[PDB]
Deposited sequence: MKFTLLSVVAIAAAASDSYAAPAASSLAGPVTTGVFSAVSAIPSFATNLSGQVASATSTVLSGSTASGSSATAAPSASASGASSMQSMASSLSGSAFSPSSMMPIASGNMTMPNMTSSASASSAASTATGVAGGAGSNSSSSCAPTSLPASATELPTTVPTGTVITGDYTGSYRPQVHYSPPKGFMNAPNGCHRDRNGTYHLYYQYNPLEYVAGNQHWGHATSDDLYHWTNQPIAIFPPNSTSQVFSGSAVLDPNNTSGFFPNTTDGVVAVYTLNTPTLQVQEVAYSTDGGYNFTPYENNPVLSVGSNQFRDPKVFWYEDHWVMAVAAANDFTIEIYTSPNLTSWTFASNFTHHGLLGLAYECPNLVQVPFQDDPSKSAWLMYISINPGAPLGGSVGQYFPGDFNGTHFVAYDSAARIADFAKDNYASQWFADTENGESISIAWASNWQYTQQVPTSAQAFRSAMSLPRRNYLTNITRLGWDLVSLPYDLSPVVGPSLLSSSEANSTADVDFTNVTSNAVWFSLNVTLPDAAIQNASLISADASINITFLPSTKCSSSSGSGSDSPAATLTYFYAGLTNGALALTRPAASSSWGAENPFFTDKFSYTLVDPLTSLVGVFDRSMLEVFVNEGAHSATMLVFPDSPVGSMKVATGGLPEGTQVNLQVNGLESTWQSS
C-alpha cells in the first residue's frame, strides 16, 4: 500500500460550527502527513501556545487553531498531550473566543501551585493561561484558569488584565522569577518587547522595554525570555531573549532570532549589539519554551512553516495545514570565532526509533539506503566524521575534493523526474571551504517550483570541520543538526513523488579519517 495523496470527503470536510467538549477525529495517513511531528487532526495550525509540563509528567501542547478553514483565522487554542513529546493524544479545544468577531491569539501557561492568583483555594495543580484576545480594534492580555489539569479553562471575571490601547500588543510569555511573575509581551510594530511584573498574574506593572535589537523585519512576535544551560557545563546558564519576526526576514517572511544576556527580574540587557538567526532555512517560527520542565532542561517546539506560503502548501487534500518542528533540547555554547550560539537538538528520539537500516564505517564510499518498507516514510540518520589530528593541526593537508553529499531520492514503488527531493552538500576545503548547502530542488516539485516564495537553497558556513550530522526525514520535512546541534535547519519538502531512499557519500577524506553512519526507520506515533 502506497500512502494516499487524497483522503475520503469525511476526513477533509471541516465542520461549519466549532466542536466543544469532544476530540476532533483525524486521518493521519496522507503521503505528506508527518508521522513523528505534531499536526492537527483537521484544519489550520500555527504557533505553539501554553507549553508546560504538569506535576504528573504530562507535556501540554496548545496551538493557534482555525477549526473551520485550511487558512489562518477564527483562532482557538487547540490542545494535545504527551509524556514523551512524540506520542500525542488530541484533546478537546482548550480556549474559545467569547464570540465570532474575536480570536484567541498566542500566549503561555504556568503552574500556580502556591495559589498566588487566588484561583486555586483547594488545589496545588492549578494552571493559568495568559493570552492575547484579538478584537477588531484592540489586542489585550487576558487570563484563564484550569482546575482539571489544563483541559477546561474559565476566563478571569475582570479580564482584560493588561492593555496599552493598541491593536499591535500580543504574545505574552509569563514565568516566575524568585518572588514575582514576569511577562514578556510584544509591542509588535514598535519592535519592542515590554516586560511587566505581577504578584498574582492579574495586576501587572510596567518594568522595562527592550527595543530595536537585531533584525526588525516588519514586527516582533512570540517573545520568549528563558534561562538556557551551557552545553559543556550544566551548572552554568545565561538568559536568552528569543524573538520571532514576520514578515521581513532575510530569506523572506518569518524567522526566529535570539540575544544572549542578563535578566535581573525587571530588565534584560543583551551582552552585545549582534543579531543571531536561530535556523539557517526558512521553516522554523514562533518557538515557545515549555514551562515547569524537570532537571533544568530547556525544551522548546516551533511551528515548522513560513508565513509566505503556509496557507498555500499542498496538504489540505490530506486534511491539515502545518506541523510543529521536532521538540528541541536547547543549550548555549561558544563556537569558534563567532562566539555565542543557540544549540538545538531533537528531544530524546528513543521512543520512535525503529530497527537499523544501515550501520557503516566505510570512508570515501556511497551508502545507498532504501526505506520503501518503512511504513512511516520517516528515518533518522547520524554521520560522524573524525579527521586525523594531523588534518586539524594542518588543514592544508585536506584535499580540495573532501566532501559529504546526502540525497533523498524518489520511491521506486510509489511514483516523474529522477530529481532528488532534498540534498545536503558540505565541503571541508576548496574554494567554498566549510560551506554546507541544504536544497529542495525545484525540479522535484511542480507546486514548489511555481510558488514564488518557496526558496530552493539554504546554506550555513562552518569555521571548524564538520564532525557530526544528525537528520530526521518525516514524509514532507527534513531537519538537520550540525556539530552537536551548533547549527540547525528545518525545511519543508512537497515532492511530486514520495521519497523512498537516501544516498550518503563521503569523498577525498584524509588518510586515517574515521566515518560512522547509522540509519534507522522511525515508528509512526498515530
Next item on the list: Could you list the ranges of the deposited sequence that have no C-alpha atoms in the model?
Entry: 1 to 141, 557 to 561, 673 to 675
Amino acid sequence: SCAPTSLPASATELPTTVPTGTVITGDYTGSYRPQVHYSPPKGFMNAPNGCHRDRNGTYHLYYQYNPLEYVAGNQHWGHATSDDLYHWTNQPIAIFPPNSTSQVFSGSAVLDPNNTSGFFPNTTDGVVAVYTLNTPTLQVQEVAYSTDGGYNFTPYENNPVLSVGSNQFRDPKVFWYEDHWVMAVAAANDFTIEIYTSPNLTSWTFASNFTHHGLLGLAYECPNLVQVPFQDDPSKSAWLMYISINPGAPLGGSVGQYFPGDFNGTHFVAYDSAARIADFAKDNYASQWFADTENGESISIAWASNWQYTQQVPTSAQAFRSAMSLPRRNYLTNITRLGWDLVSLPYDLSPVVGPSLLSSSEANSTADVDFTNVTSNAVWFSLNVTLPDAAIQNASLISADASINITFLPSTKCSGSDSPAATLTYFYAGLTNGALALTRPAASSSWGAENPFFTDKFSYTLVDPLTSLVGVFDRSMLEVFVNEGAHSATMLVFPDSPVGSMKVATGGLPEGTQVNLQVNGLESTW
From here on, numbers count along this sequence of modelled residues.
Item checked: Stretch with the greater mean C-alpha B-factor as recorded in the entry, comparing 329 to 337 against 388 to 396 -> 388 to 396
Notebook entry, point to check: Given the B-factors recorded for C-alpha atoms, which segment has the greater mean, 486 to 494 or 38 to 46?
Noted result: 38 to 46
Check: Which has the highest CA B-factor per the PDB entry: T101, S403, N377, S382?
Finding: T101
Notebook entry, point to check: Which of these, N284, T425, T205, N224, has its C-alpha atom at the highest B-factor, as the entry lists it?
Noted result: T205
Notebook entry, point to check: Where does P199 sit by CA temperature factor within its chain: lowest, middle or highest third?
Noted result: highest
Note to self: Ranking the modelled residues of this chain by C-alpha B-factor as given in the entry, is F119 in the lowest, middle or highest third?
What the structure shows: highest
Next item on the list: Check where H76 lands among this chain's C-alpha B-factors and tell me if it's the lowest, middle or highest third.
Entry: middle
Item checked: Within-chain third of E450 by Cα B-factor, per the entry -> highest
Check: So where's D232 on the chain's Cα temperature factor ranking, which third?
Finding: highest
